[PDB]
Amino acid sequence: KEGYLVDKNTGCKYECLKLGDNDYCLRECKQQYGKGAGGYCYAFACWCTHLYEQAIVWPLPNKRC
Amino acid sequence: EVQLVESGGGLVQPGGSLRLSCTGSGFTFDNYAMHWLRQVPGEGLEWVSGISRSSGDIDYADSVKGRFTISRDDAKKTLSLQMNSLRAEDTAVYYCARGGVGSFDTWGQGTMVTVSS
Amino acid sequence: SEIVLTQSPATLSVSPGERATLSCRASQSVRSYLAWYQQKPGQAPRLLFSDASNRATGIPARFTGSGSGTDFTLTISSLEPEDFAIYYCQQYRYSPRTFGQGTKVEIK
Numbered sequence: 001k002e003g004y005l006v007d008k009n010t011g012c013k014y015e016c017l018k019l020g021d022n023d024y025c026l027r028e029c030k031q032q033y034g035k036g037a038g039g040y041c042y043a044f045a046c047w048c049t050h051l052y053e054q055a056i057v058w059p060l061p062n063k064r065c
Numbered sequence: 001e002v003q004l005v006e007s008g009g010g011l012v013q014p015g016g017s018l019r020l021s022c023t024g025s026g027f028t029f030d031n032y033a034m035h036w037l038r039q040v041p042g043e044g045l046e047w048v049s050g051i052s053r054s055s056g057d058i059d060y061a062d063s064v065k066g067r068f069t070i071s072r073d074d075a076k077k078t079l080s081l082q083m084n085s086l087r088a089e090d091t092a093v094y095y096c097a098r099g100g101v102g103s104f105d106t107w108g109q110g111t112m113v114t115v116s117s
Numbered sequence: 132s133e134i135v136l137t138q139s140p141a142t143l144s145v146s147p148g149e150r151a152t153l154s155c156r157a158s159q160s161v162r163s164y165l166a167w168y169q170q171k172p173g174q175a176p177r178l179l180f181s182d183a184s185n186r187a188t189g190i191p192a193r194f195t196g197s198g199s200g201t202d203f204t205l206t207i208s209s210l211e212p213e214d215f216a217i218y219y220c221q222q223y224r225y226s227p228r229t230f231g232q233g234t235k236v237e238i239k
């Protein structure tokens, strides 16, 4: 599964600065979804990849940003 | 309400240095990417530099790379921009802005920076 | 080569109560990654829309953004006096992020 990284408390996406390959997004995605996750910077937001199918990504059902 | 307040602007000669600071209030400062942009009076907008949450991702406009250094102090809720080797064309109002994930969703009132001999 | 945003017209002369239609054309597709700002005389920019159509908080209903790809518009359905300002578009599909040259909406 793929999707925008989301702050589980605020419902916000995670903003990044350098488009494309991005170690910030990579590490934040892994920190959230686990060591198998990938991630890169897309339109200045962190887009996570290789997520387990049940993973919760942006947007949060309950919480709007 | 979400507010940003810039300081540290002023007049210097070419080759001089300034340190801009921005203090944020009314929001959780450490939860947002923060940016500096600038606007020559009477002219358009230009993004200058920006820094992600946790200072994990940092970038600069090509025209200021090697000369400007951005940093943040989350405890103090401050963003800083050390501007060295200032040039005439760096003259502008400098704005601090909160990142809106692509856009810039909140802007300070700006601080004037003049570089002139 | 960076994305060029062409805003037209450069100036738009209109009467209060009237409708204003501002155009932003991108040199190539920016999908929906386009923001609009208003800058009133003697003030800092103010975000109006992001993702082309998403209203920022406190922006009156009379403002709407639309479009995708290369052609975007900002529409003000019925101009209030405070609506007379400069308006900028800004893309964020690519780096460097770029702005249009602005459209001034002024009294007729």
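Residue numbers (the authors' numbering), protein chains in the order written: chain C, 1 to 65; chain A, 1 to 117; chain B, 132 to 239. Don't be surprised by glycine CBs; every beta carbon is placed ideally from N, CA and C.
Q. Leaving out five residues before and five after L11/A in sequence, what residues of the same chain have Cβ atoms less than 6 Å from its Cβ?
A. Excluding sequence neighbours, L11/A sits near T114.
**Q.** Test: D59/A CB closer than 9 Å to a CB of chain C
**A.** At least one beta carbon of chain C lies nearer than 9 Å to the beta carbon of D59/A.
Q.
Please list, in chain order, the residues of the stretch 13-40 of chain C that have any C-beta partner in chain A closer than 9 Å.
A. Listed in sequence order: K13, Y14, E15, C16, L17, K18, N22, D23, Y24, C25, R27 and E28.
Q: Output the residue ranges of the beta strand (DSSP E) runs that lie fully inside the stretch 143-191 of chain B and measure 3 residues or longer, sorted by chain position.
A: The beta strand (DSSP E) runs of length 3 or more contained entirely in the stretch 143-191 of chain B are, from start to end of the chain, 151-157, 165-170 and 177-181.
Q: Go ahead and pull the three-state DSSP assignment for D74/A.
A: DSSP places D74/A outside both helix and strand once states are collapsed to three, so it counts as coil.
(Q) Run through the DSSP bridge pairs and tell me what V48/A is partnered with. (A) Per the DSSP secondary-structure output, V48/A pairs with nothing in a beta bridge.
**Q.** First and last residue of the uninterrupted alpha helix (DSSP H) at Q31/C
**A.** Looking at the DSSP string, the run of the alpha helix (DSSP H) that includes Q31/C is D23 to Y33.
**Q.** Exposure label - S117/A; buried when at least 16 CB within 10 Å
**A.** Residue environment for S117/A: exposed (fewer than 16 other C-beta atoms within 10 angstroms of its C-beta).
Q. Where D214/B and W47/C are concerned, what is the direct C-alpha to C-alpha distance, given to the nearest angstrom?
A. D214/B and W47/C have their C-alpha atoms spaced approximately 36 Å apart.
(Q) Give me the subset of the stretch 42-62 of chain C whose CB atoms are less than 8 Å from a CB atom of chain B, sorted by chain position. (A) From the stretch 42-62 of chain C, only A43 and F44 have a Cβ closer than 8 Å to chain B.
(Q) On the DSSP bridge list, what partners appear for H50/C? (A) Answer is none; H50/C lacks a bridge partner.
Q: On the DSSP bridge assignment, give the partners of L81/A in chain order.
A: In the DSSP output, where bridge partners are listed per residue, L81/A has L20/A and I70/A.
Q. Helix, strand or coil: how does DSSP classify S103/A here?
A. It is a strand residue.
(Q) Against chain C, does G66/A count as a neighbour if the rule is that its beta carbon must be under 9 Å from one of theirs? (A) Interface flag for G66/A against chain C is unset, since no Cβ pair is found closer than 9 Å.
Q) In chain A, which residues lie less than 9 Å from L136/B when you measure between Cβ atoms? A) Residues of chain A passing the Cβ test: none, with the nearest at roughly 10 Å.
Q. Taking Cβ positions, are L18/A and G24/A nearer each other than 9 Å?
A. No; because the gap between Cβ atoms is not below 9 Å, this pair is not in contact.
Q: Tell me where the beta strand (DSSP E) around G10/A begins and ends.
A: In the DSSP assignment, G10/A falls within the beta strand (DSSP E) that extends over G10 to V12.
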